[PDB]
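Have a look at the structure below, then the notes.
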Amino acid sequence: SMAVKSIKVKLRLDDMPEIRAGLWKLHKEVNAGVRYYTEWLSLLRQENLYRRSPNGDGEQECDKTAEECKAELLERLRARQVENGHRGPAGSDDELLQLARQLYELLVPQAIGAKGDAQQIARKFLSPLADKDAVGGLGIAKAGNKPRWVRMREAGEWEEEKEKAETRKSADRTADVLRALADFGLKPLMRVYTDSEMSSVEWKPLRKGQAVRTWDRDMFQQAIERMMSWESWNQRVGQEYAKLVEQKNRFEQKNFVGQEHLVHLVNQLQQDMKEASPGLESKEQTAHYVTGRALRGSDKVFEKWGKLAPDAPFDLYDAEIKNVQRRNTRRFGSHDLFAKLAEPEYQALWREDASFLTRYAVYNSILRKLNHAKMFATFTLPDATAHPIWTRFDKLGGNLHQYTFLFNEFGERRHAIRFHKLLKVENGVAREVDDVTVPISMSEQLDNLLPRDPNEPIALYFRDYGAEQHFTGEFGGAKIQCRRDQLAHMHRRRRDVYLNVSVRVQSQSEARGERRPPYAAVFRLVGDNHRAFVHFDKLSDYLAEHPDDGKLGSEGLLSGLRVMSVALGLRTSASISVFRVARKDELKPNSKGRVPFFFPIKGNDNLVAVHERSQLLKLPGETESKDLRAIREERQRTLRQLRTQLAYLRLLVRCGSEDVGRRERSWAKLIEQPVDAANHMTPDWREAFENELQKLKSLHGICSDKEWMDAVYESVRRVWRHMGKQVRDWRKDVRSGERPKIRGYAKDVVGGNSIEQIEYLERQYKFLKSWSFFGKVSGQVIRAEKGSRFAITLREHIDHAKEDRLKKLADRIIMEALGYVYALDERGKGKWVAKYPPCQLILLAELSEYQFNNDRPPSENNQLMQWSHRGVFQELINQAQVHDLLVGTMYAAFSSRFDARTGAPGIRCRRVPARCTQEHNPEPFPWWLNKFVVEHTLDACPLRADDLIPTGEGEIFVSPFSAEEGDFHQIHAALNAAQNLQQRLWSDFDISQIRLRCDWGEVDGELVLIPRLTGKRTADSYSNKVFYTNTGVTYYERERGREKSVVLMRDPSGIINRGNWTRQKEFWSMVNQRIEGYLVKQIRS
RNA sequence: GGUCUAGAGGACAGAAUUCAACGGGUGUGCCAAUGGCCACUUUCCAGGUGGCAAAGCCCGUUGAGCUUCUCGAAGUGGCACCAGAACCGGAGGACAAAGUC
DNA sequence: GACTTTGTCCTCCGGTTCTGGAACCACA
DNA sequence: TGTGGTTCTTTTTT
């Protein structure tokens, strides 16, 4: 309910090693304490425990079975009765096992599916289960916090709340489980860890009537927490495994009931390629099964196959596959699958049902995910070094061992932390101490914390560049952490120790005693994706209650109503456009009296959404210039050289194969062509590679196999030893190299926080992995070992690079929504200034369904992981909680393919750079300009500067503006998608207004398209309607309500096909003809 | 100024363009930002493992030298930061064979 | 550079379920 | 504002 933030602080422990060894001893103690109580809970659970399987990661093994638990649990229970000196009844083995099971389901209610408070369960049971003289859990104790109804009865009156105490105390088996534990001699069930033989720490002597320390209560709660979440996963894994078995069986008899003979044929196919595969021997059950990845683009190949003869030769079937792949190499599947599907014995899989193979691929994916799906969540005990938990410290006033944050205890910015209880180690003995003050290393992050109240040293202020007034906050719990790498080590050194302090920060809305900000009642955020919906009823009165008064920054959140839409991307990290709700009684702007761009708002006819500003929120490094383009090519020069050199080394290794017909085919590829017509290799290594080739040419055929193969391997060593020194010097210049480094703030940097610079790092890791695992023997597989790490320092930099990009992206989006802009003065050299009124809502694109999938090509999944938009979406919700900013998503289908201003569909285009048209020193054409010149054969046509090139993926969106041939409307593709989200907000957009899915059928005697009713909006408009045709392309609605489905598209601007309902294929070709068809013809003249 | 609207910090093309003394400090990182030497990893490369060492790093002041202003002054650092444990998934990466633009 | 099938290792992105208290009364 | 036991709770990207 309140924004929590963690500021990790480092302890200066150089001058006091006895406390450093005490903090490390305390860490092993708490980890041992939690492990003791968690192990106890596992025995009370008396069910199977599963661990990670060694000798092969994937499946899981049974670490401890149920009988192993009950036997070990009874061994503890019987021994405890002896220790307690029980003279009464000892109870049957079945009685004790059931009693222990009853207690476990009270300790971890999630075992049976209930909810549980880890705080209160640990407080309620630790003493009654380990204190010899405990009276808690029963109804005897008079102490404790007063019930709800007592607080009501004294002030705030009661009747129903006193009832709820009894009727809940009725269903509380705690009192009886405790008395049953008492009658069996198990009154102390477990031991107090600090007061047992397990800890060698000389703890402070126990007070009278004390048996549990604050350290034990910390250990017990953290044992309940991990045991709760794990049980919640045991239930979740078993549930999701059950729905998988139901999915497998609900599918066979719901998709291909009458298509049983095709199922037997694809099974023959999947074992056909299984035997005839030259790859490694299969081991998986679903090996060589038909997957959706292998069928990528099968729709294009099948339609082109239907126009053929079943007895026709292969080459006309195969060359029709090559044409589909050439259309886009990225979105194509397996050539061998389509090659075997063209064989006449297998043609029935795609001839009868052209959608059966994709249907059966889904069945195979359910098969594979079921063979790997786990049935139980693995169980791992905490460990001081392997799976560490951290010693918590309550804030000042808390119930655990507390701490104070001492502002400026030793200097201007020299802060300190006083642990009221701690451990100290002097000459090997651990001793509990009181009131240890520990200074903190300098942290510029701590400069955002100011003390608020001297009498309450928990209070603080919180600074922020996007808040004119500082927030009020409180210190919270803290935890003592060490690094993970300094953890598995021991050595004999005096290991950095950190305190992770939790800071609770109160937002300006929360400071006014309001559950939600006043503008939250205007925007309905639904679901985990925060799908935004506008309450059009209420915004007519909100503007009356919250008029725009010009207050900037965080001070203007309660005045006006503004929404900022954000279009995330790779080239530009974010593209924004701000709109303002205002009456249509407006005027002309300050620049040159141009009627401002606005959108109509549904419901209110007096109010519109006026566009305020649009901006490209480029993170540093996402710019481009002549010198920047040169440096980025030079920074990867020697890398791209070594990458192509290694590729030819492998071609040389294959020549030493033991397979005649492999080395011969490999030796052919080496001598048939010149070595490096593209000049991608280095000069000297290529001269060495040419010396070896001409040496083997004077031996090929002349010599014998075991004498030619011996020379090929010896030649590999020289070239490998040679290129080895090259890789050595390249890395030397990478780490120690002296490259120019920016000082101060500066725009137009080489990499910065861009995707390219992270991939520049990723490219180095990918090559080094390919260089170390390079094999000198042809045919051998070289993988990493079962516990190895590779390029540890480089990998951590790559992750830190993405982590820094992610946080700076979210802050940039947030600082812009609030109306702050980082501007330069050169007398101040950069400072955040409030320039605009803030936006109350950040509208993103609904991209939760844009996930990594095996159906997507690996290059597309890779970009999705470099992008990681869902990570950006979660970091936005994190940083926005303090500023009272709402973040929501908008349905984003076709957001980049339709005009935001006009509504007409369009195509993403690029413009020809002037580097390729200048007569003085022109630069070569890029990849996209080549693919376009080739498709339409424009080799002899002179391109001009800023010529539009329709590529389907550029940064310039182009749409037909009217029926005039050549009349276009051009705008930034990202900003066009951002404004499209805004247009869809104020109009309550639904996809049924532009696209519809239908199926054929009879209604009034004729064949018509019956639209699929998806969502209440589609049912509200098209349930009672149906679509007819006279030509099969353009459909018209009626009023009465093949085998594949038909998707109809619609131009809301009426420019393309008069805005009638058009079949999807021909619709986008009309879009293509009116844009691409025009641009090609004007170029040809 | 050319191209394109959203008329904005507008967007595409274009043209244009740092030592050492002393003192203090080194939370997590990034910005061209991936530390150095030795030894081992059988071999020389990569990668890993260990050891060693001095610092390398900012900040402040004082000098120099650079690089722009006016008829000597200024400028030689900026940025972001909500975490913890366990778990279940999703997918990349590398190697070998084979087949493909 | 882009694409597929076979296995096996290191890594990364996404999401889940717990969490990072509050307060009363006898103490001696 | 002590502690320690106790109760507190119902398509999109490029």
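Chain lettering (A, B, ...) mirrors the order of the structure tokens, residue numbering begins at 1 for each chain separately, and ligand numbering begins at 1 in order of display.
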
Who sits within 6 Å of stretch 4-21 of chain C, only C-alpha atoms (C1' of nucleotides), same chain under 4 positions skipped, as an NGL selection string: :A and (225 or 229 or 279-280 or 282 or 334 or 477 or 783-784)

Output for the residues just chosen: C-alpha atoms as a short mmCIF file (atom, residue, chain, number, x, y, z; two decimals), in the first residue's frame:
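File written: result30.cif
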```cif
data_model
loop_
_atom_site.label_atom_id
_atom_site.label_comp_id
_atom_site.auth_asym_id
_atom_site.auth_seq_id
_atom_site.Cartn_x
_atom_site.Cartn_y
_atom_site.Cartn_z
CA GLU A 225 8.02 -18.10 4.90
CA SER A 229 5.77 -20.34 -0.69
CA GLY A 279 22.57 -35.90 -36.79
CA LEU A 280 23.01 -37.25 -33.29
CA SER A 282 17.61 -39.36 -30.66
CA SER A 334 12.66 -26.25 -42.33
CA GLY A 477 13.51 -3.56 8.39
CA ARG A 783 30.28 -28.36 -24.83
CA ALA A 784 30.89 -26.66 -21.51
#
```

Write out as JSON lines the residues of chain B that have any atom within 9 Å of an atom of chain A, one row each with the nearest atom pair and its distance in Å to one decimal, counting only C-alpha atoms (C1' of nucleotides), sorted by chain and then rising number.
```
{"residue": "B:3", "atom": "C1'", "partner": "A:946", "partner_atom": "CA", "distance": 6.1}
{"residue": "B:4", "atom": "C1'", "partner": "A:970", "partner_atom": "CA", "distance": 6.1}
{"residue": "B:5", "atom": "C1'", "partner": "A:971", "partner_atom": "CA", "distance": 6.7}
{"residue": "B:6", "atom": "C1'", "partner": "A:614", "partner_atom": "CA", "distance": 6.2}
{"residue": "B:7", "atom": "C1'", "partner": "A:591", "partner_atom": "CA", "distance": 6.9}
{"residue": "B:8", "atom": "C1'", "partner": "A:613", "partner_atom": "CA", "distance": 5.0}
{"residue": "B:9", "atom": "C1'", "partner": "A:615", "partner_atom": "CA", "distance": 7.9}
{"residue": "B:10", "atom": "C1'", "partner": "A:615", "partner_atom": "CA", "distance": 7.3}
{"residue": "B:11", "atom": "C1'", "partner": "A:972", "partner_atom": "CA", "distance": 6.8}
{"residue": "B:12", "atom": "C1'", "partner": "A:911", "partner_atom": "CA", "distance": 7.7}
{"residue": "B:13", "atom": "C1'", "partner": "A:913", "partner_atom": "CA", "distance": 5.9}
{"residue": "B:14", "atom": "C1'", "partner": "A:914", "partner_atom": "CA", "distance": 7.0}
{"residue": "B:25", "atom": "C1'", "partner": "A:442", "partner_atom": "CA", "distance": 7.3}
{"residue": "B:26", "atom": "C1'", "partner": "A:442", "partner_atom": "CA", "distance": 7.6}
{"residue": "B:27", "atom": "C1'", "partner": "A:443", "partner_atom": "CA", "distance": 4.6}
{"residue": "B:28", "atom": "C1'", "partner": "A:8", "partner_atom": "CA", "distance": 7.8}
{"residue": "B:29", "atom": "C1'", "partner": "A:800", "partner_atom": "CA", "distance": 6.3}
{"residue": "B:30", "atom": "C1'", "partner": "A:804", "partner_atom": "CA", "distance": 5.8}
{"residue": "B:31", "atom": "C1'", "partner": "A:752", "partner_atom": "CA", "distance": 5.4}
{"residue": "B:32", "atom": "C1'", "partner": "A:740", "partner_atom": "CA", "distance": 5.9}
{"residue": "B:33", "atom": "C1'", "partner": "A:741", "partner_atom": "CA", "distance": 7.0}
{"residue": "B:34", "atom": "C1'", "partner": "A:794", "partner_atom": "CA", "distance": 5.1}
{"residue": "B:35", "atom": "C1'", "partner": "A:736", "partner_atom": "CA", "distance": 6.6}
{"residue": "B:36", "atom": "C1'", "partner": "A:736", "partner_atom": "CA", "distance": 8.4}
{"residue": "B:44", "atom": "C1'", "partner": "A:721", "partner_atom": "CA", "distance": 6.3}
{"residue": "B:45", "atom": "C1'", "partner": "A:724", "partner_atom": "CA", "distance": 3.8}
{"residue": "B:46", "atom": "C1'", "partner": "A:772", "partner_atom": "CA", "distance": 4.9}
{"residue": "B:47", "atom": "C1'", "partner": "A:790", "partner_atom": "CA", "distance": 5.9}
{"residue": "B:48", "atom": "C1'", "partner": "A:789", "partner_atom": "CA", "distance": 7.1}
{"residue": "B:75", "atom": "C1'", "partner": "A:826", "partner_atom": "CA", "distance": 8.6}
{"residue": "B:76", "atom": "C1'", "partner": "A:743", "partner_atom": "CA", "distance": 7.9}
{"residue": "B:77", "atom": "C1'", "partner": "A:744", "partner_atom": "CA", "distance": 3.6}
{"residue": "B:78", "atom": "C1'", "partner": "A:744", "partner_atom": "CA", "distance": 4.0}
{"residue": "B:79", "atom": "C1'", "partner": "A:745", "partner_atom": "CA", "distance": 8.1}
{"residue": "B:80", "atom": "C1'", "partner": "A:808", "partner_atom": "CA", "distance": 5.2}
{"residue": "B:81", "atom": "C1'", "partner": "A:807", "partner_atom": "CA", "distance": 6.8}
{"residue": "B:82", "atom": "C1'", "partner": "A:5", "partner_atom": "CA", "distance": 4.6}
{"residue": "B:83", "atom": "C1'", "partner": "A:6", "partner_atom": "CA", "distance": 5.2}
{"residue": "B:84", "atom": "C1'", "partner": "A:389", "partner_atom": "CA", "distance": 7.7}
{"residue": "B:85", "atom": "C1'", "partner": "A:389", "partner_atom": "CA", "distance": 6.1}
{"residue": "B:86", "atom": "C1'", "partner": "A:226", "partner_atom": "CA", "distance": 6.5}
{"residue": "B:87", "atom": "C1'", "partner": "A:377", "partner_atom": "CA", "distance": 6.5}
{"residue": "B:88", "atom": "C1'", "partner": "A:237", "partner_atom": "CA", "distance": 7.2}
{"residue": "B:90", "atom": "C1'", "partner": "A:852", "partner_atom": "CA", "distance": 6.5}
{"residue": "B:91", "atom": "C1'", "partner": "A:852", "partner_atom": "CA", "distance": 5.9}
{"residue": "B:92", "atom": "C1'", "partner": "A:862", "partner_atom": "CA", "distance": 6.1}
{"residue": "B:93", "atom": "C1'", "partner": "A:766", "partner_atom": "CA", "distance": 6.8}
{"residue": "B:94", "atom": "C1'", "partner": "A:770", "partner_atom": "CA", "distance": 5.7}
{"residue": "B:95", "atom": "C1'", "partner": "A:782", "partner_atom": "CA", "distance": 4.9}
{"residue": "B:96", "atom": "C1'", "partner": "A:779", "partner_atom": "CA", "distance": 4.9}
{"residue": "B:97", "atom": "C1'", "partner": "A:279", "partner_atom": "CA", "distance": 5.2}
{"residue": "B:98", "atom": "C1'", "partner": "A:278", "partner_atom": "CA", "distance": 5.7}
{"residue": "B:99", "atom": "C1'", "partner": "A:336", "partner_atom": "CA", "distance": 6.4}
{"residue": "B:100", "atom": "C1'", "partner": "A:335", "partner_atom": "CA", "distance": 5.8}
{"residue": "B:101", "atom": "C1'", "partner": "A:326", "partner_atom": "CA", "distance": 5.7}
```

Could you write out that same residue set with C-alpha atoms (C1' of nucleotides) as a PDB file, in the first residue's frame?
```
ATOM      1  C1'   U B   3      12.198  16.577 -47.028  1.00  0.00           C
ATOM      2  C1'   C B   4       7.900  15.371 -43.401  1.00  0.00           C
ATOM      3  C1'   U B   5       3.722  17.259 -39.262  1.00  0.00           C
ATOM      4  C1'   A B   6       2.738  16.945 -34.032  1.00  0.00           C
ATOM      5  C1'   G B   7       4.037  22.781 -34.539  1.00  0.00           C
ATOM      6  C1'   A B   8       7.393  19.897 -30.340  1.00  0.00           C
ATOM      7  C1'   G B   9      13.739  19.877 -26.580  1.00  0.00           C
ATOM      8  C1'   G B  10       9.936  18.719 -33.419  1.00  0.00           C
ATOM      9  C1'   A B  11      11.510  14.287 -36.830  1.00  0.00           C
ATOM     10  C1'   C B  12      14.461  12.491 -41.150  1.00  0.00           C
ATOM     11  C1'   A B  13      18.338  13.511 -44.241  1.00  0.00           C
ATOM     12  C1'   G B  14      22.402  17.068 -44.833  1.00  0.00           C
ATOM     13  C1'   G B  25      36.859   9.658  -0.419  1.00  0.00           C
ATOM     14  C1'   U B  26      36.219   5.193  -2.803  1.00  0.00           C
ATOM     15  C1'   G B  27      27.595   2.296  -1.894  1.00  0.00           C
ATOM     16  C1'   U B  28      25.823  -0.718  -6.781  1.00  0.00           C
ATOM     17  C1'   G B  29      26.629   0.176 -11.624  1.00  0.00           C
ATOM     18  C1'   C B  30      26.825   2.447 -16.771  1.00  0.00           C
ATOM     19  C1'   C B  31      28.596   6.153 -19.909  1.00  0.00           C
ATOM     20  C1'   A B  32      33.984   4.137 -26.083  1.00  0.00           C
ATOM     21  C1'   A B  33      34.211   2.364 -19.139  1.00  0.00           C
ATOM     22  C1'   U B  34      35.274  -5.721 -20.115  1.00  0.00           C
ATOM     23  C1'   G B  35      41.875  -3.781 -14.602  1.00  0.00           C
ATOM     24  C1'   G B  36      47.604  -5.182 -14.060  1.00  0.00           C
ATOM     25  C1'   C B  44      51.047 -21.840 -27.433  1.00  0.00           C
ATOM     26  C1'   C B  45      45.114 -18.893 -27.687  1.00  0.00           C
ATOM     27  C1'   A B  46      40.569 -18.311 -25.388  1.00  0.00           C
ATOM     28  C1'   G B  47      38.288 -19.391 -20.860  1.00  0.00           C
ATOM     29  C1'   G B  48      38.774 -20.958 -15.872  1.00  0.00           C
ATOM     30  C1'   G B  75      35.607  25.397 -19.237  1.00  0.00           C
ATOM     31  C1'   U B  76      38.385  20.098 -18.441  1.00  0.00           C
ATOM     32  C1'   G B  77      32.561  14.584 -14.775  1.00  0.00           C
ATOM     33  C1'   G B  78      28.153  13.070 -16.039  1.00  0.00           C
ATOM     34  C1'   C B  79      23.972   9.550 -15.202  1.00  0.00           C
ATOM     35  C1'   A B  80      20.484   5.929 -12.946  1.00  0.00           C
ATOM     36  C1'   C B  81      19.373   2.937  -8.906  1.00  0.00           C
ATOM     37  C1'   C B  82      13.493  -1.845  -4.948  1.00  0.00           C
ATOM     38  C1'   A B  83      15.238  -5.381  -2.706  1.00  0.00           C
ATOM     39  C1'   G B  84      15.658 -10.902  -0.425  1.00  0.00           C
ATOM     40  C1'   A B  85      15.210 -16.265  -0.781  1.00  0.00           C
ATOM     41  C1'   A B  86      13.254 -20.325  -3.015  1.00  0.00           C
ATOM     42  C1'   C B  87      10.447 -22.119  -7.200  1.00  0.00           C
ATOM     43  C1'   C B  88       8.149 -22.999 -12.058  1.00  0.00           C
ATOM     44  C1'   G B  90       9.838 -19.441 -21.473  1.00  0.00           C
ATOM     45  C1'   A B  91      13.762 -18.896 -24.799  1.00  0.00           C
ATOM     46  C1'   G B  92      18.771 -17.570 -26.424  1.00  0.00           C
ATOM     47  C1'   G B  93      24.026 -18.889 -26.836  1.00  0.00           C
ATOM     48  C1'   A B  94      28.187 -22.461 -28.333  1.00  0.00           C
ATOM     49  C1'   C B  95      29.990 -26.851 -30.608  1.00  0.00           C
ATOM     50  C1'   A B  96      29.311 -31.313 -34.699  1.00  0.00           C
ATOM     51  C1'   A B  97      26.740 -33.449 -38.598  1.00  0.00           C
ATOM     52  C1'   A B  98      23.215 -32.689 -42.606  1.00  0.00           C
ATOM     53  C1'   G B  99      20.027 -29.493 -45.691  1.00  0.00           C
ATOM     54  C1'   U B 100      18.685 -24.671 -47.220  1.00  0.00           C
ATOM     55  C1'   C B 101      18.692 -18.067 -49.616  1.00  0.00           C
TER      56        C B 101
END
```

DSSP-assigned alpha helix (DSSP H) members of stretch 480-622 of chain A, reported as a PyMOL selection string: chain A and resi 508-511+539-545

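Closest to chain C among A:399, A:704, A:896, A:196 is A:399, based on only C-alpha atoms (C1' of nucleotides).
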
Residue contacts of stretch 303-313 of chain A (10 Å, only C-alpha atoms (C1' of nucleotides)) excluding same-chain residues fewer than 4 positions away, as a compact mmCIF listing (two decimals) with N, CA, C and O atoms, in the first residue's frame:
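Saved as selection03.txt:
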```txt
# COMPACT_ATOMS: atom_id res chain seq x y z
N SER A 298 4.29 -22.32 -43.63
CA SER A 298 3.69 -23.42 -44.38
C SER A 298 2.43 -23.00 -45.12
O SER A 298 2.04 -23.66 -46.08
N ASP A 299 1.79 -21.90 -44.70
CA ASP A 299 0.59 -21.44 -45.39
C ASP A 299 0.91 -21.00 -46.81
O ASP A 299 0.16 -21.31 -47.74
N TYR A 317 8.14 -28.73 -57.07
CA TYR A 317 7.69 -28.62 -55.69
C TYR A 317 8.75 -27.94 -54.83
O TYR A 317 8.43 -27.12 -53.96
N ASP A 318 10.03 -28.27 -55.06
CA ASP A 318 11.10 -27.74 -54.23
C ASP A 318 11.37 -26.27 -54.54
O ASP A 318 11.51 -25.45 -53.62
N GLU A 320 9.36 -24.19 -55.51
CA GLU A 320 8.28 -23.42 -54.92
C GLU A 320 8.48 -23.21 -53.42
O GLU A 320 7.92 -22.26 -52.86
N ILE A 321 9.27 -24.07 -52.77
CA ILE A 321 9.65 -23.83 -51.39
C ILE A 321 10.71 -22.75 -51.30
O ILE A 321 10.65 -21.86 -50.44
N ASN A 323 11.14 -20.24 -53.15
CA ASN A 323 10.58 -18.91 -53.39
C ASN A 323 9.92 -18.34 -52.14
O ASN A 323 9.94 -17.13 -51.93
N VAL A 324 9.32 -19.20 -51.31
CA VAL A 324 8.72 -18.73 -50.07
C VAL A 324 9.80 -18.29 -49.09
O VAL A 324 9.65 -17.29 -48.38
N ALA A 342 6.58 -32.93 -49.80
CA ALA A 342 6.30 -32.93 -51.23
C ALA A 342 6.29 -34.33 -51.82
O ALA A 342 5.81 -34.51 -52.94
N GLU A 343 6.81 -35.32 -51.10
CA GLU A 343 6.79 -36.69 -51.58
C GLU A 343 5.35 -37.20 -51.65
O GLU A 343 4.55 -36.90 -50.76
N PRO A 344 5.00 -37.97 -52.68
CA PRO A 344 3.58 -38.30 -52.90
C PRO A 344 2.96 -39.12 -51.79
O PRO A 344 1.74 -39.02 -51.56
N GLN A 347 1.86 -36.49 -49.19
CA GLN A 347 1.15 -35.31 -49.64
C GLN A 347 -0.24 -35.19 -49.02
O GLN A 347 -0.82 -34.10 -49.06
N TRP A 350 -1.13 -32.39 -46.14
CA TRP A 350 -1.46 -31.02 -46.50
C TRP A 350 -2.49 -30.92 -47.62
O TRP A 350 -3.03 -29.84 -47.84
N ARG A 351 -2.76 -32.01 -48.34
CA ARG A 351 -3.73 -31.96 -49.43
C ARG A 351 -5.16 -31.98 -48.90
O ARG A 351 -5.99 -31.17 -49.32
N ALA A 354 -5.46 -28.63 -45.08
CA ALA A 354 -4.32 -27.73 -45.15
C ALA A 354 -3.99 -27.07 -43.81
O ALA A 354 -3.01 -26.32 -43.74
```

Determine, for each residue of stretch 3-26 of chain C having at least one atom at most 10 Å from an atom of stretch 3-10 of chain D, the closest pair of atoms and their separation in Å to one decimal, counting only C-alpha atoms (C1' of nucleotides); order by chain and ascending number, as CSV.
```
residue,atom,partner,partner_atom,distance
C:22,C1',D:8,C1',7.7
C:23,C1',D:8,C1',7.6
C:24,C1',D:7,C1',8.2
C:25,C1',D:6,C1',8.9
C:26,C1',D:5,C1',9.6
```

Writer output for current selection, N, CA and C atoms (P, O5', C5', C4', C3', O3' and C1' of nucleotides), as a short mmCIF file (atom, residue, chain, number, x, y, z; two decimals), in the first residue's frame:
```cif
data_model
loop_
_atom_site.label_atom_id
_atom_site.label_comp_id
_atom_site.auth_asym_id
_atom_site.auth_seq_id
_atom_site.Cartn_x
_atom_site.Cartn_y
_atom_site.Cartn_z
P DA C 22 5.48 -1.42 11.79
"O5'" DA C 22 4.21 -1.73 12.71
"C5'" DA C 22 2.95 -2.03 12.13
"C4'" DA C 22 1.91 -2.22 13.20
"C3'" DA C 22 2.16 -1.40 14.47
"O3'" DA C 22 0.96 -0.79 14.90
"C1'" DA C 22 1.90 -3.68 15.02
P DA C 23 0.99 0.28 16.10
"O5'" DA C 23 0.53 -0.56 17.38
"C5'" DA C 23 -0.69 -1.28 17.35
"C4'" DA C 23 -0.82 -2.20 18.55
"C3'" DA C 23 -0.45 -1.57 19.90
"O3'" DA C 23 -1.49 -1.81 20.83
"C1'" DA C 23 0.58 -3.67 19.65
P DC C 24 -1.66 -0.88 22.12
"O5'" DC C 24 -1.87 -1.93 23.31
"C5'" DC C 24 -2.90 -2.90 23.22
"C4'" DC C 24 -2.68 -4.02 24.22
"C3'" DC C 24 -2.33 -3.55 25.63
"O3'" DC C 24 -3.15 -4.21 26.58
"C1'" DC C 24 -0.73 -5.12 24.86
P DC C 25 -3.33 -3.59 28.05
"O5'" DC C 25 -2.75 -4.73 29.02
"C5'" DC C 25 -2.32 -5.97 28.46
"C4'" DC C 25 -1.69 -6.86 29.52
"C3'" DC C 25 -1.44 -6.20 30.87
"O3'" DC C 25 -1.39 -7.21 31.88
"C1'" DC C 25 0.63 -6.61 29.80
P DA C 26 -1.31 -6.81 33.44
"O5'" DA C 26 -0.02 -7.61 33.96
"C5'" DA C 26 -0.01 -9.04 33.98
"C4'" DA C 26 1.41 -9.59 33.90
"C3'" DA C 26 2.28 -9.33 35.13
"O3'" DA C 26 3.08 -10.49 35.42
"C1'" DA C 26 3.33 -8.45 33.22
#
```

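For chain A, the residues within 6 Å of chain D are residues 143, 144, 145, 893 and 894 of chain A, with only C-alpha atoms (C1' of nucleotides) used to measure distance.
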
Selected residues written out with C-alpha atoms, as a PDB file, in the first residue's frame:
```pdb
ATOM      1  CA  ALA A 143      -1.715 -10.262  27.659  1.00  0.00           C
ATOM      2  CA  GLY A 144      -1.530  -9.551  23.942  1.00  0.00           C
ATOM      3  CA  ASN A 145      -3.090  -6.961  21.678  1.00  0.00           C
ATOM      4  CA  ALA A 893      -2.884  -4.697 -32.490  1.00  0.00           C
ATOM      5  CA  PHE A 894      -2.205  -2.823 -35.753  1.00  0.00           C
TER       6      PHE A 894
END
```

Write out as number ranges by chain which residues come within 12 Å of residue B:65 when counting only C-alpha atoms (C1' of nucleotides), dropping same-chain ones fewer than 2 positions away. B: 18-19, 63, 67

If DSSP is run on the backbone, what residues of stretch 753-894 of chain A are strand (DSSP E)? A reply as a ChimeraX atom specification would be ideal. /A:820-823,831-834,841-846,886-891

Atomic distance atom CA of residue A:368 - atom CA of residue A:352, expressed in Å with one decimal: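 Atom CA of residue A:368 sits 26.1 Å away from atom CA of residue A:352.
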
Set the distance at 6 Å and use only C-alpha atoms (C1' of nucleotides): which residues neighbour stretch 158-171 of chain A once local chain neighbours fewer than 3 positions away are removed? I'd like the list as a ChimeraX atom specification. /A:149,152-153
